[PDB]
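Report on the structure given below.
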Amino acid sequence: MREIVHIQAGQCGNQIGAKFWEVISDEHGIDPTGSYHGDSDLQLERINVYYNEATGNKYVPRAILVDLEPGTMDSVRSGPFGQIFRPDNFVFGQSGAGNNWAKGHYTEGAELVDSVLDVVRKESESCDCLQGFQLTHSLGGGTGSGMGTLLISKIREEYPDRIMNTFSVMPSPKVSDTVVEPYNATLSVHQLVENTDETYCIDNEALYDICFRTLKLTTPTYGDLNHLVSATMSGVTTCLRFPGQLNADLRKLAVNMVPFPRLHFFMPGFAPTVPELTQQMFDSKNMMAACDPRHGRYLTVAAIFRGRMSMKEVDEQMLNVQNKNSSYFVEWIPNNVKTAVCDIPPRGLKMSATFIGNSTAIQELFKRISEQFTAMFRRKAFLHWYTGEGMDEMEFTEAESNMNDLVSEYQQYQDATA
Amino acid sequence: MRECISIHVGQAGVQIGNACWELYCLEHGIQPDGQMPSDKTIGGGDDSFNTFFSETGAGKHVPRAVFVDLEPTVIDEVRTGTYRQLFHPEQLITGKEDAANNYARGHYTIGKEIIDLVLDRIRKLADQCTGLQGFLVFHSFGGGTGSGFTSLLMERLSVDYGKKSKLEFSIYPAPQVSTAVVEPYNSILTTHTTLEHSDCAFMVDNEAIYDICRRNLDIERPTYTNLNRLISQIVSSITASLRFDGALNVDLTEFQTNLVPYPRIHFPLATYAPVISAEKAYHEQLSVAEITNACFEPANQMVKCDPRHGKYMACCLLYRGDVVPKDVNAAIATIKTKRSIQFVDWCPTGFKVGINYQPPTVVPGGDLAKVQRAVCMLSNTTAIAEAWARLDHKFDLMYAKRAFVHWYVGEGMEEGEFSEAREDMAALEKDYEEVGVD
Amino acid sequence: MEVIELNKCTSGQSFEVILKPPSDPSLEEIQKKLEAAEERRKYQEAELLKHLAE
Amino acid sequence: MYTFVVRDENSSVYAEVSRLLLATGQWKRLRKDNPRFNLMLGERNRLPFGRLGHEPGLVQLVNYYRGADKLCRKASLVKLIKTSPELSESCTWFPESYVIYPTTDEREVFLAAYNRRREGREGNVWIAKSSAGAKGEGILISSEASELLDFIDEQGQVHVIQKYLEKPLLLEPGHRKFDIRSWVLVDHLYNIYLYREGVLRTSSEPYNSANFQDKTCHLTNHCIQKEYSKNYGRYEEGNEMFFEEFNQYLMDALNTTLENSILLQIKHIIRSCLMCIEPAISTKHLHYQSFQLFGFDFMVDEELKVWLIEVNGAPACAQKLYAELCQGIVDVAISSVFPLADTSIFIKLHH
Ligand SMILES: COc1cc(OC)c(Cl)c(-n2c(-c3ccccc3)cc(=O)c(C)c2-c2ccc(F)cc2)c1
Ligand SMILES: Nc1nc2c(ncn2[C@@H]2O[C@H](COP(=O)(O)OP(=O)(O)OP(=O)(O)O)[C@@H](O)[C@H]2O)c(=O)[nH]1
Ligand SMILES: Nc1ncnc2c1ncn2[C@@H]1O[C@H](COP(=O)(O)OP(=O)(O)CP(=O)(O)O)[C@@H](O)[C@H]1O
Ligand SMILES: COc1cc2c(c(OC)c1OC)-c1ccc(OC)c(=O)cc1[C@@H](NC(C)=O)CC2
Ligand SMILES: Nc1nc2c(ncn2[C@@H]2O[C@H](COP(=O)(O)OP(=O)(O)O)[C@@H](O)[C@H]2O)c(=O)[nH]1
Ligand SMILES: [Ca+2]
Ligand SMILES: [Ca+2]
Ligand SMILES: [Ca+2]
Ligand SMILES: [Ca+2]
Ligand SMILES: [Mg+2]
Ligand SMILES: [Mg+2]
């Protein structure tokens with residue numbers, strides 16, 4: 001009875017979240033109508049974490065769909081699992097955000113934010129013991145970034161003692177389709193650094209490379225990329241959704257993954273013999289964030305293996321990776337690599353592994369955005385679009401300072417010794 | 001007849017608590033429904049097995065136990081387990097959300113909200129006691145509840161039952177068996193706060209239990225069931241003196257007077273032998289001298305350490321089964337010559353022995369083999385301090401960089417308590433060194 | 001190396017073997033500590049809501 | 001591959017085998033505090049023995065035996081020999097010794113011995129030494145018990161008084177003193193390996209029975225010889241005579257051999273000492289394994305009887321022999337536990 005309230009905002013948030021509900025609905029064996037037609041009772045032991053039990057034994061996700069542009073709502077509602085969701089949980093506007101963070105955070109999103117919190121109060125009050133919230137959104141746009149972080153700030157006011165998770169698609173180093181994304185990303189990161197307990201960094205360029213270089217898709221699409229992200233989201237939340245040797249929640253994950261409150265930005269991975277999975281799983285080629293783990297040290301790591309597989313074999317292989325490449329792990333957090341196993345594998349797979357790393361190498365990402373942010377901000381390029389919504393330049397300078405301070409923090413523990 | 005109340009705190013204490021009360025019922029012939037045909041005194045009695053069980057007019061023998069956890073997952077299984085009928089629901093207390101591996105959350109935040117209810121339910125059992133002796137507290141060092149709430153309860157028990165004795169059964173964290181990066185923090189904090197309120201504490205290192213299970217029972221990946229069933233055997237042998245007629249360790253107060261000349265050094269090392277796989281075809285019966293010698297092999301201890309490099313201040317031998325005093329005395333004589341056994345000059349080099357003719361019991365379908373003679377040795381050796389140093393070193397590595405400290409401060413604790421408790425452990429480690437090293 | 005303090009019963013027997021001879025806070029104090037911790041949490045939460053109010 | 005750590009940065013012997021292990025290409029060096037090591041080249045003082053054998057999935061080896069200090073300390077050794085039945089207080093290969101505490105003390109015991117030898121006009125030269133003494137200083141020889149105790153009171157650390165060998169075997173040409181150093185390796189299986197190559201450490205000043213003031217002719221520490229010895233290195237390079245030459249000298253000068261006259265007694269002393277402590281330090285059933293290299297110091301009297309004087313748990317090798325001995329440590333004490341990818345120099349002393 002540790003329920004999670006899911007929220008998805010913006011195109012990216014809704015497209016990624018919609019595919020996420022498709023994935024776990026299959027894992028819990030729930031059809032688009034919301035009725036269970038599975039085989040094992042282990043699919044239901046912890047189903048109330050992500051679903052409400054409705055009259056007629058229909059299952060309804062604790063999902064809240066948000067955007068300032070109604071177009072993406074209609075796509076969700078007409079998608080494979082469109083009619084699963086609660087009609088009243090579609091909270092949308094008509095104006096859109098125009099890739100403008102200020103519109104999403106201060107004007108257009110501020111008009112709609114209360115309506116979203118009202119839907120949150122419904123869901124949260126209908127929870128035996130509310131555990132926390134999870135958000136899926138992009139940082140480069142205006143709604144998921146600007147309004148997304150506004151929703152986070154408001155939720156922390158009502159629920160200051162609850163856990164806030166996010167799955168944030170970050171700007172990629174070379175692939176971009178938004179000219180002002182450095183402004184939007186830097187403004188969002190300064191919000192995420194303060195009002196989130198855990199943030200999974202997702203990079204579309206890395207996801208595209210996997211789809212193209214590895215999976216051999218000659219014409220990858222956002223559907224293919226979303227499938228990879230959804231597969232990772234299911235893998236991360238496997239322990240929250242299924243029983244097993246591990247009985248842990250989101251707060252325990254944060255307590256053990258975050259040695260310092262601001263450094264809570266994780267590097268996700270996914271794979272694909274047991275030895276070969278652990279080899280893949282730690283590979284740069286399998287990392288969902290555009291940062292080389294070899295360019296830093298892991299503060300903490302979490303690995304989840306799924307499917308019938310030799311436990312002792314995994315333990316030996318994991319322990320080998322730690323001891324073999326121990327120079328990439330901080331020496332002052334003893335036993336900072338923990339592993340969990342679940343008997344239920346995903347669809348069309350016999351074995352799978354999900355990776356969650358709190359690596360100091362993630363500062364490379366915040367370096368990039370800072371340098372891109374400064375190049376535009378020095379010349380106040382495109383700024384009038386933000387000051388026109390009522391922002392002041394000082395709010396831009398503060399975000400620049402904070403993300404540089406965050407970058408400064410990461411470098412501190414990347415060279416710390418015992 | 002003086003009663004003993006058992007309090008199980010957190011996941012480890014509760015799950016171990018069940019394995020213990022599962023075994024107690026088998027050793028006494030108590031059925032899962034609570035009715036034991038062997039009992040002639042219905043609705044009461046002054047029998048020794050009543051020290052752990054109360055009786056009802058209906059014939060049910062109700063354990064004198066309380067299970068407490070800050071989330072209901074573990075205790076729910078108790079309420080719906082094979083032994084569900086055995087306890088009245090009131091003895092099972094559960095919260096809503098756990099301490100999340102945070103000593104502060106279990107001690108300060110949530111401990112304050114549930115302490116009064118727990119003490120009331122304990123006092124309900126005490127009111128059914130005519131000569132209550134003390135408490136046996138089962139808990140883990142690592143869990144947020146096991147470490148945080150337990151230290152709070154032990155403080156209140158020293159207040160509400162000042163004269164009564166308190167014994168600990170503590171699970172020492174081990175990387176092999178599902179630990180958390182912050183368990184060294186929790187283990188140090190709960191030891192510091194509980195040290196002055198615990199008369200005698202039996203540590204059990206999951207590393208040692210894990211290796212014993214994986215080596216002597218041929219279990220590739222031991223589960224919590226494997227470890228708890230083995231842990232229950234050592235606990236049962238330690239508590240048998242309270243549940244059966246005898247003249248040794250019959251009172252909780254006797255436990256430390258026979259094992260603890262120094263108040264703070266109250267962590268006796270437990271060694272158990274023989275551990276035999278039931279899968280073993282027709283395991284040849286071992287001898288008294290053979291199992292007694294195994295009590296000095298480090299591979300059989302509950303805490304992997306080297307008593308040869310410490311000093312003993314007390315030693316007890318607890319035999320179960322067909323054992324005659326002549327064989328025990330013969331075995332001791334022979335192994336004093338072979339083994340390195342150095343007592344402190346201010347104590348006598350002696351062994352307090354006890355024999356219970358009932359052979360050890362084994363759970364049906366369990367991994368332990370039905371043996372005819374078994375022994376558990378309890379020795380207060382300074383070598384157990386090796387465990388504190390290991391834990392203290394891990395504490396130091398993280399605390400030097402204040403990793404995870406913010407989680408504890410956020411719950412109301414001050415960084416001062418981190419350094420205060422570490423200072424206490426530095427003193428405890430040094431106390432051990434003065435006694436056990438020249 | 002003598003056996004002393006031997007005691008026997010039908011359940012068992014016990015004895016000793018000498019190989020060689022030799023050569024708390026009150027309740028209110030508890031709650032003040034718990035109250036001091038609660039005040040610290042409340043002050044921390046007040047600063048959060050104050051900053052969120054700004 | 002394997003991993004190891006170095007925590008005795010001033011160790012001459014283990015500084016070189018740290019380079020040997022890296023040269024193999026199947027080993028790597030982590031820093032002091034990284035706990036994920038297969039081998040530890042631990043510190044000399046207060047090595048954290050309690051933290052070994054607890055890292056999951058890592059067989060761990062250490063280059064020291066927990067408890068060997070009982071044999072490598074001047075005070076402990078005398079107590080260990082007198083209280084162990086294996087060796088006993090009447091031990092014959094160990095000079096008469098007594099532990100003395102300045103300011104469990106045997107002052108009056110040694111006082112009963114000196115007076116006994118005063119009645120019979122027997123030799124009464126004694127030497128006081130201690131582990132505190134360093135760099136060839138802190139050791140005084142006298143035939144007056146009063147002088148010895150007084151010197152021990154100015155010093156602070158525990159001291160021991162040992163019957164001085166007034167009649168040492170003297171090499172010719174030179175009429176000079178010497179001591180013998182044997183290097184012994186004990187692996188994790190507790191096999192006792194005696195290095196084939198020993199060394200005589202020679203005084204370059206003729207042994208002067210008259211005055212013990214000039215301690216250059218009485219103390220044969222290479223350390224002191226370089227300090228205040230004129231004739232340094234006159235006979236053998238650096239006052240280091242080796243077995244091949246000494247064996248030839250024994251043949252030419254005394255119609256005997258090094259094996260029969262001396263080495264047979266050396267092997268017996270090494271076994272007796274190490275077997276005496278095997279039950280206390282053996283790691284055959286421990287969560288971690290141990291090996292250690294010792295350095296036994298011997299004195300030969302004119303009757304070709306071998307005496308033991310000191311034992312070193314952190315000894316230094318001879319410059320000519322570092323290459324061979326250090327390589328042996330890897331083959332016997334390390335590669336045995338950690339095999340690499342696909343003639344002996346030691347003498348195995350049998351159980
Ligand atoms: C993030 O900025 C983008 C820039 C860009 O071209 C410069 C493209 Cl094509 C895409 N993009 C689009 C798309 C977006 C906006 C307008 C039209 C098409 C749709 C689509 O399904 C996929 C997979 C991608 C994509 C993602 C990550 C890559 F590494 C490579 C391609 C995204
Ligand atoms: N031997 C044994 N140890 C256990 C068992 N369960 C948990 N542990 C140990 O306990 C530690 C985890 O803390 P728990 O006691 O489970 O947590 P808790 O007491 O419920 O407190 P919370 O943090 O609130 O959940 C780990 O170090 C485990 O090694 C068990 O069933 N048997
Ligand atoms: N009983 C004795 N009779 C004669 N000479 C002795 C003696 N005991 C010691 N010596 C001389 O004193 C010298 C050093 O003695 P000792 O062994 O106490 O010093 P030490 O421990 O610093 C040597 P190391 O540094 O190799 O351990 C030896 O070279 C030896 O010649
Ligand atoms: C969602 O449920 C999870 C919850 C947790 C963990 C985790 O990763 C395996 C989870 O799955 C993703 C977790 C990870 C961090 C730690 O390692 C650094 C740790 O010690 C702590 C672990 C978990 N503890 C154990 C023994 O597995 C508790 C926290
Ligand atoms: N993975 C994924 N990323 C997307 C998708 N749509 C947009 N993005 C990312 O988000 C950015 C555009 O922001 P957008 O989603 O329109 O944000 P919005 O304005 O809040 O709706 C691009 O740079 C993409 O990297 C999608 O369908 N899938
Ligand atoms: Ca408007
Ligand atoms: Ca409202
Ligand atoms: Ca009865
Ligand atoms: Ca008390
Ligand atoms: Mg728990
Ligand atoms: Mg010396």
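Quick check of the header: X-ray crystallography, 2.6 Å.
Cβ coordinates come from backbone N, Cα and C, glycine included.
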### Summary
Expected hit for motif 'MREC motif' in Swiss-Prot across B:1-4, B:137-140, B:377-380 is B:1-4
## Note on the structure
The most crowded of the recorded positions B:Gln15, B:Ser48, B:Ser140, B:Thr145, B:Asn228, judged by neighbouring Cβ atoms within 10 Å of its own Cβ, is B:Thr145
## Note on the structure
Neighbour count check, CB within 10 A, over binding-site residues B:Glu71, B:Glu183; minimum at B:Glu71
### Query
Which of B:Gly10, B:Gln15, B:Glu71, B:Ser232, B:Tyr282, B:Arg339 (recorded positions) reach within a Cβ distance of under 8 Å of chain D?
B:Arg339
### Message
Restricting to the chain of B:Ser232 (phosphoserine) and a gap of 6 or more, list residues whose Cβ falls under 8 Å of its Cβ, or answer none.
### Response
B:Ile16, B:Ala19, B:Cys20, B:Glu22, B:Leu23
### Task
Round to the nearest Å and give the CA-to-CA distance linking B:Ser48 (phosphoserine) with B:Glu71 (Mg(2+) binding site).
34
#### Entry: Number of other Cβ atoms within 10 Å of the Cβ of B:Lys326 (ubiquitin cross-link) across all protein chains
10
### Message
Can you break down the motif 'MREC motif' (B:1-4) into helix, strand and coil residue counts using DSSP?
### Response
0 helix, 1 strand, 3 coil
### Query
Which entry in the list of recorded positions, B:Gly10, B:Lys370, has its Cβ near the fewest other Cβ atoms, using 10 Å as the limit?
B:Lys370
### Query
Going by DSSP, is B:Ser140 (GTP binding site) part of a helix, a strand, or coil?
strand
### Task
Give the helix, strand or coil assignment DSSP yields for B:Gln15 (GTP binding site).
helix
